[PDB]
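Q: So I've got this file, coords.cif, and it contains mmCIF, C-alpha atoms and all ligand atoms:
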```
data_my_file
loop_
_atom_site.label_atom_id
_atom_site.label_comp_id
_atom_site.auth_asym_id
_atom_site.auth_seq_id
_atom_site.Cartn_x
_atom_site.Cartn_y
_atom_site.Cartn_z
CA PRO O 109 6.56 -30.98 -16.16
CA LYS O 110 9.55 -29.24 -14.55
CA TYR O 111 11.80 -32.29 -15.06
CA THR O 112 11.59 -35.58 -16.99
CA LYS O 113 13.23 -38.88 -15.99
CA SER O 114 14.22 -41.73 -18.32
CA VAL O 115 15.45 -44.91 -16.62
CA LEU O 116 18.77 -46.12 -18.07
CA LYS O 117 19.29 -48.94 -15.55
CA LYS O 118 16.49 -50.19 -13.26
CA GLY O 119 17.06 -50.00 -9.52
CA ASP O 120 15.80 -52.56 -6.99
CA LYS O 121 12.21 -51.17 -7.12
CA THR O 122 12.25 -51.64 -3.35
CA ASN O 123 14.33 -48.96 -1.60
CA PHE O 124 13.31 -45.36 -2.41
CA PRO O 125 14.83 -42.36 -0.58
CA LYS O 126 12.52 -40.48 1.79
CA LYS O 127 12.93 -36.81 2.80
CA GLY O 128 15.77 -36.63 5.31
CA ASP O 129 17.61 -39.76 4.07
CA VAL O 130 21.21 -39.46 2.86
CA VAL O 131 21.75 -40.56 -0.76
CA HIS O 132 25.01 -41.49 -2.52
CA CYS O 133 25.25 -40.61 -6.22
CA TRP O 134 27.49 -40.69 -9.32
CA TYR O 135 26.61 -38.06 -11.92
CA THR O 136 27.43 -36.33 -15.21
CA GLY O 137 25.92 -32.94 -16.04
CA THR O 138 25.53 -31.61 -19.57
CA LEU O 139 24.09 -28.58 -21.36
CA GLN O 140 21.57 -29.11 -24.19
CA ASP O 141 24.35 -28.52 -26.74
CA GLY O 142 26.23 -31.48 -25.22
CA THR O 143 28.90 -29.62 -23.22
CA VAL O 144 29.82 -31.53 -20.06
CA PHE O 145 29.96 -28.98 -17.23
CA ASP O 146 30.65 -31.48 -14.44
CA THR O 147 31.08 -35.04 -13.41
CA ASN O 148 32.11 -36.73 -10.21
CA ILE O 149 33.04 -39.87 -12.16
CA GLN O 150 36.86 -39.97 -11.92
CA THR O 151 38.72 -40.84 -15.14
CA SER O 152 42.30 -40.84 -13.68
CA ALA O 153 43.60 -44.25 -12.58
CA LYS O 154 41.63 -43.84 -9.28
CA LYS O 155 38.17 -45.54 -9.43
CA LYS O 156 37.27 -47.82 -6.43
CA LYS O 157 39.02 -47.27 -3.05
CA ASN O 158 39.89 -43.65 -4.02
CA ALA O 159 36.87 -41.76 -5.44
CA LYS O 160 33.71 -41.40 -3.37
CA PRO O 161 30.17 -40.70 -4.73
CA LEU O 162 28.38 -37.47 -3.87
CA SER O 163 26.53 -37.67 -0.52
CA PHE O 164 23.72 -35.38 0.56
CA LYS O 165 20.57 -35.34 2.65
CA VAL O 166 17.63 -35.50 0.23
CA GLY O 167 14.38 -33.48 0.21
CA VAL O 168 15.60 -30.54 2.27
CA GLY O 169 16.97 -28.02 -0.25
CA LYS O 170 20.63 -29.15 -0.25
CA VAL O 171 20.61 -29.67 -4.05
CA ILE O 172 18.87 -28.01 -7.03
CA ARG O 173 15.12 -28.62 -7.04
CA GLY O 174 15.17 -31.06 -9.99
CA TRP O 175 17.52 -33.40 -8.09
CA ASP O 176 15.66 -33.09 -4.74
CA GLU O 177 12.41 -34.03 -6.53
CA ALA O 178 13.77 -36.74 -8.91
CA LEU O 179 15.78 -38.61 -6.24
CA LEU O 180 12.60 -39.36 -4.23
CA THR O 181 11.33 -41.28 -7.28
CA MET O 182 14.46 -43.38 -7.82
CA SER O 183 15.16 -46.80 -6.32
CA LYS O 184 18.58 -47.92 -5.05
CA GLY O 185 20.83 -48.97 -8.00
CA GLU O 186 18.81 -46.92 -10.49
CA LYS O 187 20.59 -44.98 -13.19
CA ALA O 188 18.47 -42.32 -14.82
CA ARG O 189 18.68 -39.40 -17.23
CA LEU O 190 17.09 -36.29 -15.74
CA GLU O 191 16.20 -33.31 -17.89
CA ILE O 192 15.66 -30.40 -15.55
CA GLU O 193 13.97 -27.15 -16.56
CA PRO O 194 15.88 -23.98 -15.66
CA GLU O 195 13.50 -22.93 -12.85
CA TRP O 196 14.37 -26.21 -11.05
CA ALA O 197 18.09 -25.76 -11.70
CA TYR O 198 19.95 -22.38 -11.84
CA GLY O 199 17.15 -20.31 -13.37
CA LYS O 200 17.95 -16.79 -14.63
CA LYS O 201 21.25 -16.42 -12.75
CA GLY O 202 22.84 -19.50 -14.24
CA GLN O 203 26.05 -20.55 -12.57
CA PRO O 204 29.11 -18.54 -13.79
CA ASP O 205 31.84 -20.79 -12.29
CA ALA O 206 30.52 -23.88 -14.06
CA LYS O 207 29.78 -21.80 -17.21
CA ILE O 208 26.05 -22.58 -16.98
CA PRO O 209 24.23 -19.76 -18.84
CA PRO O 210 20.93 -18.13 -17.79
CA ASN O 211 17.80 -20.16 -18.65
CA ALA O 212 19.66 -23.45 -19.14
CA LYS O 213 17.84 -26.79 -19.25
CA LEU O 214 20.29 -29.23 -17.61
CA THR O 215 20.72 -32.92 -18.36
CA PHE O 216 22.13 -35.14 -15.60
CA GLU O 217 22.87 -38.85 -15.65
CA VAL O 218 22.44 -39.85 -12.00
CA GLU O 219 23.16 -43.25 -10.49
CA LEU O 220 21.77 -43.72 -7.01
CA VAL O 221 24.35 -46.10 -5.46
CA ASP O 222 23.20 -46.14 -1.82
CA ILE O 223 20.75 -44.77 0.73
CA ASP O 224 21.32 -44.22 4.48
CA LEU O 225 18.00 -44.23 6.31
CA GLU O 226 18.55 -40.94 8.18
CA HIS O 227 14.85 -40.13 8.06
CA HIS O 228 14.61 -42.31 11.27
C1 LIG K 1 31.79 -27.78 0.94
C2 LIG K 1 31.65 -27.10 -0.19
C3 LIG K 1 30.26 -26.77 -0.70
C4 LIG K 1 29.64 -27.96 -1.44
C5 LIG K 1 30.20 -28.17 -2.83
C6 LIG K 1 30.77 -29.32 -3.24
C7 LIG K 1 30.93 -30.50 -2.31
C8 LIG K 1 31.23 -29.46 -4.67
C9 LIG K 1 30.00 -30.01 -5.45
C10 LIG K 1 29.91 -31.54 -5.53
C11 LIG K 1 29.87 -29.44 -6.85
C12 LIG K 1 29.70 -27.92 -6.95
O1 LIG K 1 28.81 -27.37 -5.95
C13 LIG K 1 29.22 -26.12 -5.36
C14 LIG K 1 29.30 -27.63 -8.39
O2 LIG K 1 28.23 -28.52 -8.83
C15 LIG K 1 27.80 -28.38 -10.20
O3 LIG K 1 28.89 -28.66 -11.10
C16 LIG K 1 26.73 -29.43 -10.49
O4 LIG K 1 26.92 -30.33 -11.31
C17 LIG K 1 25.43 -29.34 -9.80
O5 LIG K 1 24.61 -28.49 -10.19
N1 LIG K 1 25.15 -30.19 -8.79
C18 LIG K 1 26.09 -31.21 -8.20
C19 LIG K 1 25.41 -32.58 -8.20
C20 LIG K 1 24.05 -32.54 -7.48
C21 LIG K 1 23.14 -31.54 -8.19
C22 LIG K 1 23.77 -30.14 -8.23
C23 LIG K 1 23.64 -29.51 -6.88
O6 LIG K 1 22.54 -29.12 -6.47
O7 LIG K 1 24.84 -29.36 -6.12
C24 LIG K 1 24.76 -28.81 -4.81
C25 LIG K 1 24.58 -27.31 -4.90
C26 LIG K 1 25.62 -26.51 -5.66
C27 LIG K 1 23.48 -26.77 -4.35
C28 LIG K 1 23.13 -25.29 -4.34
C29 LIG K 1 22.85 -24.85 -2.89
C30 LIG K 1 22.29 -23.41 -2.79
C31 LIG K 1 21.14 -23.16 -3.78
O8 LIG K 1 20.81 -21.77 -3.76
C32 LIG K 1 21.45 -23.56 -5.22
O9 LIG K 1 20.28 -23.35 -6.03
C33 LIG K 1 20.49 -22.69 -7.28
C34 LIG K 1 21.93 -25.03 -5.27
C35 LIG K 1 26.00 -29.28 -4.03
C36 LIG K 1 26.19 -30.81 -4.12
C37 LIG K 1 25.99 -28.80 -2.58
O10 LIG K 1 24.92 -29.42 -1.83
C38 LIG K 1 27.31 -29.10 -1.86
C39 LIG K 1 28.13 -27.85 -1.57
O11 LIG K 1 27.53 -26.79 -1.46
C40 LIG K 1 27.34 -26.92 -10.40
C41 LIG K 1 26.82 -26.62 -11.79
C42 LIG K 1 28.45 -25.92 -10.05
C43 LIG K 1 29.01 -26.14 -8.64
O12 LIG K 1 30.25 -25.42 -8.44
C44 LIG K 1 30.08 -24.02 -8.20
#
```
Can the structure from this file be put into structure tokens for me?
Ligand SMILES: C=CC[C@@H]1/C=C(\C)C[C@H](C)C[C@H](OC)[C@H]2O[C@@](O)(C(=O)C(=O)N3CCCC[C@H]3C(=O)O[C@H](/C(C)=C/[C@@H]3CC[C@@H](O)[C@H](OC)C3)[C@H](C)[C@@H](O)CC1=O)[C@H](C)C[C@@H]2OC
A:
Amino acid sequence: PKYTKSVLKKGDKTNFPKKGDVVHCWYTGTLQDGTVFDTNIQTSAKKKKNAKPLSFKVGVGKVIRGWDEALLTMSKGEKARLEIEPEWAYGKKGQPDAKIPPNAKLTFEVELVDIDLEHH
């Protein structure tokens, strides 16, 4: 498969994003060697009432393929470890600014915090 998902914390098994919904996520991205290339989890004395999760419309190409596909399988509250093959991430180009090399399998911890039913 082009990604794998391991559930770290079960969601509500009830509310799954549909294409066109807006999802709200916390994440940490790592390379296979363990290098953290990004996180939106704030470590400054900021937390609640300062930092906001990442919001995007799901299933329409706004994120790398691995995320767009995996999110549709997650329920609200779920925290999962996604291992995304390069073709469903940054492929041959990589991403120079984030120091992601060509052909990089990416690991993301993703927590789906909320869903707005924008598919309506
Ligand atoms: C208003 C400003 C623009 C706006 C940018 C921001 C808000 C800042 C944003 C949080 C983080 C950065 O995004 C620029 C940053 O995120 C990474 O650190 C990262 O962890 C990552 O991979 N993420 C973020 C978390 C969701 C999955 C994935 C993604 O898919 O992110 C999306 C993404 C980059 C999609 C492209 C779209 C075009 C395709 O061609 C390409 O396909 C190859 C994939 C993000 C969320 C976009 O929807 C939102 C934006 O564009 C990259 C390693 C390097 C990149 O910095 C350079």
Q: Please, which residues have at least one atom within 7 Å of an atom of ligand LIG 1 (chain K), using all atoms listed in the file, listed as JSON, numbers by chain?
A: {"O": [135, 137, 145, 146, 147, 162, 164, 170, 171, 172, 175, 197, 198, 203, 205, 206, 208]}
Q: Contacts of residue 138 in chain O at 7 Å or less, counting all atoms listed in the file, minus same-chain residues fewer than 6 places along, as a list in words?
A: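 Residues near the query, excluding close chain neighbours: residues 144, 145, 214, 215 and 216 of chain O.
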Q: Give me the residues near residue 133 in chain O as an mmCIF file with C-alpha atoms, keeping the file's coordinate frame, where near means some atom within 7 Å (using all atoms listed in the file) and where sequence neighbours in that chain fewer than 4 positions away do not count.
A:
```
data_model
loop_
_atom_site.group_PDB
_atom_site.id
_atom_site.type_symbol
_atom_site.label_atom_id
_atom_site.label_comp_id
_atom_site.auth_asym_id
_atom_site.auth_seq_id
_atom_site.Cartn_x
_atom_site.Cartn_y
_atom_site.Cartn_z
ATOM 1 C CA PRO O 161 30.170 -40.700 -4.730
ATOM 2 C CA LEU O 162 28.380 -37.470 -3.870
ATOM 3 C CA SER O 163 26.530 -37.670 -0.520
ATOM 4 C CA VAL O 218 22.440 -39.850 -12.000
ATOM 5 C CA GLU O 219 23.160 -43.250 -10.490
ATOM 6 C CA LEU O 220 21.770 -43.720 -7.010
ATOM 7 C CA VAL O 221 24.350 -46.100 -5.460
#
```
Q: Pick the closest to residue 181 in chain O from O:212, O:143, O:166, O:225: which is it, counting only C-alpha atoms?
A: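 Between O:212, O:143, O:166, O:225, the residue approaching residue 181 in chain O most closely is O:166.
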Q: Which one of O:165, O:173, O:160, O:189 sits closest to residue 116 in chain O if you count only C-alpha atoms?
A: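 Smallest separation from residue 116 in chain O among the options: O:189.
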Q: Contacts of residue 168 in chain O at 9 Å or less, counting all atoms listed in the file, minus same-chain residues fewer than 4 places along, as a ChimeraX atom specification?
A: /O:127-128,176
Q: Point out the residue among O:154, O:223, O:139, O:115 with the least atom-to-atom distance to residue 210 in chain O, counting all atoms listed in the file.
A: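 That would be O:139, the residue with the smallest distance to residue 210 in chain O.
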Q: From the block you just saw, export range 149-178 of chain O: N, CA, C and O atoms, as a PDB file, in the first residue's frame.
A:
```pdb
ATOM      1  N   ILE O 149       2.508  21.396  16.899  1.00  0.00           N
ATOM      2  CA  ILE O 149       2.298  21.315  18.344  1.00  0.00           C
ATOM      3  C   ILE O 149       3.266  22.294  19.031  1.00  0.00           C
ATOM      4  O   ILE O 149       4.487  22.086  19.029  1.00  0.00           O
ATOM      5  N   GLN O 150       2.713  23.368  19.591  1.00  0.00           N
ATOM      6  CA  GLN O 150       3.543  24.444  20.166  1.00  0.00           C
ATOM      7  C   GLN O 150       4.122  24.032  21.512  1.00  0.00           C
ATOM      8  O   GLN O 150       3.404  23.509  22.367  1.00  0.00           O
ATOM      9  N   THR O 151       5.427  24.247  21.679  1.00  0.00           N
ATOM     10  CA  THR O 151       6.119  23.867  22.924  1.00  0.00           C
ATOM     11  C   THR O 151       6.464  25.056  23.845  1.00  0.00           C
ATOM     12  O   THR O 151       6.765  24.845  25.020  1.00  0.00           O
ATOM     13  N   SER O 152       6.424  26.285  23.310  1.00  0.00           N
ATOM     14  CA  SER O 152       6.435  27.531  24.109  1.00  0.00           C
ATOM     15  C   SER O 152       5.260  27.519  25.078  1.00  0.00           C
ATOM     16  O   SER O 152       4.293  26.766  24.877  1.00  0.00           O
ATOM     17  N   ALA O 153       5.331  28.340  26.123  1.00  0.00           N
ATOM     18  CA  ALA O 153       4.214  28.477  27.057  1.00  0.00           C
ATOM     19  C   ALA O 153       2.995  29.149  26.377  1.00  0.00           C
ATOM     20  O   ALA O 153       2.677  30.308  26.651  1.00  0.00           O
ATOM     21  N   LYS O 154       2.333  28.402  25.481  1.00  0.00           N
ATOM     22  CA  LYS O 154       1.270  28.920  24.586  1.00  0.00           C
ATOM     23  C   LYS O 154      -0.001  28.069  24.601  1.00  0.00           C
ATOM     24  O   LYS O 154      -1.079  28.585  24.918  1.00  0.00           O
ATOM     25  N   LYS O 155       0.142  26.787  24.245  1.00  0.00           N
ATOM     26  CA  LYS O 155      -0.914  25.749  24.345  1.00  0.00           C
ATOM     27  C   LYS O 155      -2.335  26.226  23.949  1.00  0.00           C
ATOM     28  O   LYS O 155      -2.506  26.861  22.900  1.00  0.00           O
ATOM     29  N   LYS O 156      -3.324  25.914  24.800  1.00  0.00           N
ATOM     30  CA  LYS O 156      -4.731  26.295  24.643  1.00  0.00           C
ATOM     31  C   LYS O 156      -4.891  27.816  24.683  1.00  0.00           C
ATOM     32  O   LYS O 156      -4.132  28.510  25.370  1.00  0.00           O
ATOM     33  N   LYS O 157      -5.873  28.311  23.923  1.00  0.00           N
ATOM     34  CA  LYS O 157      -6.223  29.748  23.816  1.00  0.00           C
ATOM     35  C   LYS O 157      -5.157  30.629  23.111  1.00  0.00           C
ATOM     36  O   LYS O 157      -5.285  31.859  23.067  1.00  0.00           O
ATOM     37  N   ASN O 158      -4.125  29.982  22.556  1.00  0.00           N
ATOM     38  CA  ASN O 158      -3.131  30.625  21.693  1.00  0.00           C
ATOM     39  C   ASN O 158      -2.972  29.882  20.358  1.00  0.00           C
ATOM     40  O   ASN O 158      -3.313  30.413  19.295  1.00  0.00           O
ATOM     41  N   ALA O 159      -2.466  28.651  20.429  1.00  0.00           N
ATOM     42  CA  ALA O 159      -2.194  27.830  19.249  1.00  0.00           C
ATOM     43  C   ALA O 159      -3.463  27.202  18.705  1.00  0.00           C
ATOM     44  O   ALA O 159      -4.286  26.695  19.462  1.00  0.00           O
ATOM     45  N   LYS O 160      -3.603  27.233  17.385  1.00  0.00           N
ATOM     46  CA  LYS O 160      -4.726  26.610  16.699  1.00  0.00           C
ATOM     47  C   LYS O 160      -4.249  25.396  15.878  1.00  0.00           C
ATOM     48  O   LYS O 160      -3.152  25.448  15.283  1.00  0.00           O
ATOM     49  N   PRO O 161      -5.076  24.323  15.810  1.00  0.00           N
ATOM     50  CA  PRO O 161      -4.711  23.180  14.931  1.00  0.00           C
ATOM     51  C   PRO O 161      -4.718  23.565  13.462  1.00  0.00           C
ATOM     52  O   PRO O 161      -5.177  24.667  13.103  1.00  0.00           O
ATOM     53  N   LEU O 162      -4.173  22.693  12.609  1.00  0.00           N
ATOM     54  CA  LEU O 162      -4.209  22.945  11.179  1.00  0.00           C
ATOM     55  C   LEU O 162      -5.613  22.636  10.653  1.00  0.00           C
ATOM     56  O   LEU O 162      -6.167  21.560  10.955  1.00  0.00           O
ATOM     57  N   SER O 163      -6.176  23.569   9.879  1.00  0.00           N
ATOM     58  CA  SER O 163      -7.479  23.381   9.243  1.00  0.00           C
ATOM     59  C   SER O 163      -7.357  23.326   7.747  1.00  0.00           C
ATOM     60  O   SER O 163      -6.700  24.182   7.149  1.00  0.00           O
ATOM     61  N   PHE O 164      -8.015  22.349   7.131  1.00  0.00           N
ATOM     62  CA  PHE O 164      -8.069  22.275   5.668  1.00  0.00           C
ATOM     63  C   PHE O 164      -9.274  21.477   5.218  1.00  0.00           C
ATOM     64  O   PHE O 164      -9.805  20.633   5.961  1.00  0.00           O
ATOM     65  N   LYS O 165      -9.701  21.754   3.992  1.00  0.00           N
ATOM     66  CA  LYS O 165     -10.782  21.010   3.375  1.00  0.00           C
ATOM     67  C   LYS O 165     -10.177  19.718   2.874  1.00  0.00           C
ATOM     68  O   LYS O 165      -9.169  19.747   2.174  1.00  0.00           O
ATOM     69  N   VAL O 166     -10.809  18.597   3.213  1.00  0.00           N
ATOM     70  CA  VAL O 166     -10.244  17.263   2.962  1.00  0.00           C
ATOM     71  C   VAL O 166     -10.791  16.672   1.649  1.00  0.00           C
ATOM     72  O   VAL O 166     -11.917  16.973   1.240  1.00  0.00           O
ATOM     73  N   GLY O 167      -9.951  15.887   0.977  1.00  0.00           N
ATOM     74  CA  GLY O 167     -10.345  15.107  -0.198  1.00  0.00           C
ATOM     75  C   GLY O 167     -10.367  15.889  -1.492  1.00  0.00           C
ATOM     76  O   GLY O 167     -10.986  15.457  -2.470  1.00  0.00           O
ATOM     77  N   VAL O 168      -9.711  17.045  -1.516  1.00  0.00           N
ATOM     78  CA  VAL O 168      -9.722  17.882  -2.715  1.00  0.00           C
ATOM     79  C   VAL O 168      -8.332  18.309  -3.215  1.00  0.00           C
ATOM     80  O   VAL O 168      -8.222  19.188  -4.062  1.00  0.00           O
ATOM     81  N   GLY O 169      -7.273  17.683  -2.704  1.00  0.00           N
ATOM     82  CA  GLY O 169      -5.929  18.028  -3.150  1.00  0.00           C
ATOM     83  C   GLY O 169      -5.236  19.173  -2.429  1.00  0.00           C
ATOM     84  O   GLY O 169      -4.218  19.661  -2.911  1.00  0.00           O
ATOM     85  N   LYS O 170      -5.753  19.586  -1.265  1.00  0.00           N
ATOM     86  CA  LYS O 170      -5.148  20.680  -0.494  1.00  0.00           C
ATOM     87  C   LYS O 170      -3.937  20.236   0.336  1.00  0.00           C
ATOM     88  O   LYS O 170      -3.150  21.066   0.795  1.00  0.00           O
ATOM     89  N   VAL O 171      -3.804  18.929   0.532  1.00  0.00           N
ATOM     90  CA  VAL O 171      -2.677  18.350   1.287  1.00  0.00           C
ATOM     91  C   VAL O 171      -2.057  17.224   0.469  1.00  0.00           C
ATOM     92  O   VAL O 171      -2.641  16.808  -0.531  1.00  0.00           O
ATOM     93  N   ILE O 172      -0.874  16.749   0.875  1.00  0.00           N
ATOM     94  CA  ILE O 172      -0.244  15.605   0.213  1.00  0.00           C
ATOM     95  C   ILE O 172      -1.191  14.404   0.215  1.00  0.00           C
ATOM     96  O   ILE O 172      -2.036  14.249   1.117  1.00  0.00           O
ATOM     97  N   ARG O 173      -1.084  13.607  -0.842  1.00  0.00           N
ATOM     98  CA  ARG O 173      -2.029  12.516  -1.092  1.00  0.00           C
ATOM     99  C   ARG O 173      -2.266  11.591   0.086  1.00  0.00           C
ATOM    100  O   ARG O 173      -3.412  11.260   0.374  1.00  0.00           O
ATOM    101  N   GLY O 174      -1.176  11.171   0.750  1.00  0.00           N
ATOM    102  CA  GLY O 174      -1.231  10.338   1.943  1.00  0.00           C
ATOM    103  C   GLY O 174      -2.160  10.866   3.044  1.00  0.00           C
ATOM    104  O   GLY O 174      -2.916  10.106   3.610  1.00  0.00           O
ATOM    105  N   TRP O 175      -2.092  12.168   3.319  1.00  0.00           N
ATOM    106  CA  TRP O 175      -3.024  12.799   4.259  1.00  0.00           C
ATOM    107  C   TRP O 175      -4.476  12.817   3.751  1.00  0.00           C
ATOM    108  O   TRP O 175      -5.384  12.484   4.520  1.00  0.00           O
ATOM    109  N   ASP O 176      -4.681  13.247   2.506  1.00  0.00           N
ATOM    110  CA  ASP O 176      -6.017  13.334   1.903  1.00  0.00           C
ATOM    111  C   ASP O 176      -6.722  11.981   1.956  1.00  0.00           C
ATOM    112  O   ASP O 176      -7.909  11.907   2.310  1.00  0.00           O
ATOM    113  N   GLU O 177      -5.966  10.921   1.675  1.00  0.00           N
ATOM    114  CA  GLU O 177      -6.492   9.542   1.742  1.00  0.00           C
ATOM    115  C   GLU O 177      -6.691   9.048   3.190  1.00  0.00           C
ATOM    116  O   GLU O 177      -7.794   8.610   3.546  1.00  0.00           O
ATOM    117  N   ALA O 178      -5.659   9.148   4.030  1.00  0.00           N
ATOM    118  CA  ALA O 178      -5.759   8.673   5.422  1.00  0.00           C
ATOM    119  C   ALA O 178      -6.862   9.358   6.236  1.00  0.00           C
ATOM    120  O   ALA O 178      -7.541   8.689   7.029  1.00  0.00           O
TER     121      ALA O 178
END
```
